[PDB]
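Only one chain is included here, represented as structure tokens and corresponding to the form deposited in one PDB entry.
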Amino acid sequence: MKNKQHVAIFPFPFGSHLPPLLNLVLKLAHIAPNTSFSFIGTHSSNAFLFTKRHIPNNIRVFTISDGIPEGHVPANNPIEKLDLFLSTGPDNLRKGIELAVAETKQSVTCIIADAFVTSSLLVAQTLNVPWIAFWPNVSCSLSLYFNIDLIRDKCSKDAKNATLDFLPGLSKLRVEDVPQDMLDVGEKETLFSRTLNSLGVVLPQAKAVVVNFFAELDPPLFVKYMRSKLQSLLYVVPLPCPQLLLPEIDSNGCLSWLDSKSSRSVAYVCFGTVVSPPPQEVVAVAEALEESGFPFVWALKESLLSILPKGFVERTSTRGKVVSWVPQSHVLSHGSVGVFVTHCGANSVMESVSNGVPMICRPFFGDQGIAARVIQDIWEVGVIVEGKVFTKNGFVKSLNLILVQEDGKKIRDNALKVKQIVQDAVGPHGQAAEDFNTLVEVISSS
């Protein structure tokens, strides 16, 4: 019989959502070389992933609209382009299906989609194929979408530090950690926020939900709770397969620089590429780093150099590196790095915990607040920066706590324990090995 298995894949076609889904598809394509995988992105998302990159023969890339009509210039805010893409609806997605079917000469048998592309469920239902939702965000935030009314009520009535005890396994989460998007009502609501708020109804319709994380690190009650809500909950190890990686020149000599430093002595600072930090916090970060005296590597966008204190880079040049880019995977795996100062983006956190690096957290956006809370109060492998925003005195205190003080020993010890848990999780007997096989059979059975 001719193999006619054909998986269509819809990323959420924006930055941090792209590599984790390609990573998963690469793994699936390698184990099932007789199966077609059709990756459907926008021109900009395809450029982002596939420019420098060779892909296996059974992965083909197709392009659909980004929802930005020619001539339009989106405002400088991180939600507009998301709304515009989501507004293109299932018909834009079906144009992708058409291209994939025409090239492969095979009807689609299964869809894998980033959970945020909820229109792809309608597409799957129209084709009568299974819909597999992919979750590359903070694993724990899944629970929020099944409890929106309780969360809104508590956030409106209760104290800011009140705990969300109604979420099994997640009683450490607080009102103040909740994504603002899920609370906004009226004019503040966006197509993006409305889409996220529909996840409680959308996700149980998925044949399986695939979580890009380590099941062994999530609270067991949370995992049980999610299993009770979904048809199938599968964890696939988020670590990069070799084909995802693109060999890169360490232009700034980060690793060599780190080689000259003592074990667990260096602060690696990176606060993301999606929301601009308030300039006053950028200044605060610089002042604290300089005053702390600790060695540091700060990955900072070029456009922010002009707001750093005059002479800061020059005065710290003998103990710090302020650079536009670092090979973060390699930096976080370097033994010299003793703390990761982070906005708590999901992939950053994944890399930090898998390498045993404790964190100082300043969540800015989305579910970063959930991640920060899990890091501090559940895993206990870090702290939310003293003050909840970067200040010179507060950040200096957090740096000392984690890097040098005996009071930070528990956190340092916990980071090593969590690293060992991850190492055993990605092993041949971890849950994920079985869950990956389960996913493969869903695709082969479709």
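Don't overthink the numbering: it's just position in the shown sequence, from 1. Rigid core: the largest C-alpha set superposing within 1.5 Å between the two forms.
Asks: Could you say which moves further from this form in 4 other deposited structures of this protein, stretch 283-291 or stretch 241-249, by root mean square CA distance after aligning on the core?
Replies: This comes out as 241-249, the stretch further from the shown form in 4 other deposited structures of this protein.
Asks: Determine, for 371-379 and 268-276, which one has C-alphas that on average lie farther from this form in 4 other deposited structures of this protein; superpose on the rigid core first.
Replies: This comes out as 268-276, the stretch further from the shown form in 4 other deposited structures of this protein.
Asks: Per the entry, where is the mean C-alpha temperature factor higher: 86-94 or 310-318?
Replies: In the deposited entry, the stretch with the higher C-alpha B-factor mean is 310-318.
Asks: Hey, which bit's got the bigger mean C-alpha B factor in the entry, 40-48 or 53-61?
Replies: The stretch with the larger mean CA B-factor is 53-61.
Asks: Among 138, 185, 132, 117, single out the one with the highest C-alpha B factor in the record, please.
Replies: Spelled out: the listed residue with the top C-alpha B-factor is 185.
Asks: Highest Cα temperature factor in the entry, among the options 156, 198, 342, 205: which one is it?
Replies: Highest C-alpha B-factor among the listed options: 156.
Asks: What third of its chain's C-alpha B-factors does residue 410 belong to: lowest, middle or highest?
Replies: For residue 410, whose C-alpha B-factor we compare with every modelled residue in the chain, the answer is the middle third.
Asks: Going by the entry, which third of its chain does the Cα temperature factor of residue 388 land in?
Replies: Highest third, going by the recorded CA B-factors of the chain.
Asks: Taking the chain's C-alpha temperature factors as the reference, tell me which third residue 377 falls into: lowest, middle or highest.
Replies: For residue 377, the deposited C-alpha B-factor lands in the middle third.
Asks: Report the third (lowest, middle or highest) to which the CA temperature factor of residue 249 belongs, ranking only the modelled residues of the same chain.
Replies: Top third by C-alpha B-factor.
Asks: Please place residue 6 in the lowest, middle or highest third of its chain according to the CA B-factor in the PDB entry.
Replies: Its C-alpha B-factor, which the entry lists for residue 6, ranks in the lowest third among residues of this chain.
As for the form solved in complex with a small molecule, it is not shown, yet the points below apply to it.
Asks: Of these, 88-96, 319-327, 157-165, 255-263, which stretch puts a heavy atom within 4.5 angstroms of the small molecule in the deposited complex?
Replies: Flagged stretch: 319-327.
Asks: Ok, 206, 346, 337, 210: which has a heavy atom sitting within 4.5 Å of the small molecule in the deposited complex?
Replies: Answer to the contact question: 346.
Asks: Only one of 231, 273, 190, 126 has a non-hydrogen atom within 4.5 angstroms of the small molecule in the deposited complex; which is it?
Replies: In short, 273.
Asks: Quick check: do 16, 299 and 351 each get a heavy atom within 4.5 Å of the small molecule in the deposited complex?
Replies: Judged in the deposited complex, 16, 299 and 351 all sit within 4.5 Å of the small molecule.
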